[PDB]
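Quick setup: one chain, the form deposited in one PDB entry, written in structure tokens, and binding and motion questions come after.
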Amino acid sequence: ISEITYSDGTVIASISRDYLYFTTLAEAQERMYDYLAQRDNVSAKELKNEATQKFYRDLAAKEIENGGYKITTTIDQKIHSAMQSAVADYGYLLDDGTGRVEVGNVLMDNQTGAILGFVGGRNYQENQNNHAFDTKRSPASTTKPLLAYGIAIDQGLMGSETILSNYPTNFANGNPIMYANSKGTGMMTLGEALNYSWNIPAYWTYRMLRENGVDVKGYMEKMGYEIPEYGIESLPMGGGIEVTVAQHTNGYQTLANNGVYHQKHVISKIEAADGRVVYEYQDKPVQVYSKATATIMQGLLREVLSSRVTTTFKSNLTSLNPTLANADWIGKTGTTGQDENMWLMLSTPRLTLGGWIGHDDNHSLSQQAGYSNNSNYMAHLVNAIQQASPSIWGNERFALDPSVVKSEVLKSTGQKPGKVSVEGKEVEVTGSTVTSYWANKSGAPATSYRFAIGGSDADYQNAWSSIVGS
């Protein structure tokens, strides 16, 4: 008899009808597949043969059923059981009058990529689809910190108080870029853009990446994302991307871990009965963002939750467990265009918890499913995890890395005071200031007419008119 164990060696099952069983069994079979093919001296070319593959996949499965293998998972028993009890008891809080609402969650150790526990859905016995590991959906606006703002900062094209355009603009096809139901507003800081999750600032950020020839794909593929096509205007908002919850948690793990990626995993080791090691996880840490970038983003994502603009989570949690709400939470929400998918990604320095909700057939949720329902549900979920394992979230604070550069900039331009040109009149650019955080060598530039990320000529004439106004 083979067994699957929790991280401490306690047996989960021998080779039983829930997500934990089938998820950890499936991964184990994949590792056994690669092991057996190699053992049998089957090449990459022979492995391409579909008949050969089907044989080796069946071999790997039977090999487990009849062998004496010991499969060590990363799963924490108390934590995972608590997460199942949370979804059983509180999952109904997801139901928003758009029918039954499905859900996936993955809890990940930021320093190892180990998956400590997860939620595959509302109830395996009623619907088996695995929403933590198997289903793939647009990650929506939780794309923005990774693909737009974080890369711009890392490249030194943007600092923490940089200004962006949120003025009306169209896609190349002539359609207005919409956010919720607004065609846009005016200039705004990166923090307001993030807190509100506006679309236009992210569009312009990604265009600025394209114009500077930035290798955005290299960033993403270092985190294990697969995106078929980078030439998409809405990439940074979630367009043209589709991810599992497990994979997306790993992107947020990378930001939370001061920029260092560890590859997600649920199997840590497989041994034969005699102790032969058939598989073992090999850590391959990668510095994906500079420590400066990651720690600047942490600061911004702290205020995404504190501001409470797109999620009630911090209020929900404060009431359930005020001492846990005082841990150093950061996070980002996402909402797709017709309210089909909602995300909330949460981190403390120690753990990252990813969350998605939506419908299996992709029909819309209610306008508030992510702001309120998923926020309140994930608050219960985080409380349940904490109660089951009181120290697991930790009391450490995220903190700016010493390598961060701090510049004094104009609140209005996000750039250092100095002379600028406003047709004719060369002007002394005065007024109240603020510290902006950068991830380059020299920090913020001198103020310059086109001070913002994006903007049309109209936009800048208006902006500078308002500015000059004082």
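Shifts are known only where both forms have a C-alpha. By rigid core we mean the largest C-alpha set that fits within 1.5 Å across both forms. The first residue of the shown sequence is 1; numbering continues from there.
This protein has a second form, the form deposited in another entry, left out of what is shown; the following refers to that one.
Candidate set 403, 38, 442, 430; criterion, C-alpha shift of 2 Å or more between this form and the one not shown after rigid-core fit; matching residue, 38. Remark: with the core as the superposition reference, the CA shift of residue 47 between this form and the one not shown reaches 2 Å or more. Considering only residues present in both forms and aligning them on the rigid core, one finds just one run of three or more residues with C-alpha shifts of 2 angstroms or more between this form and the one not shown, namely 36 to 53.
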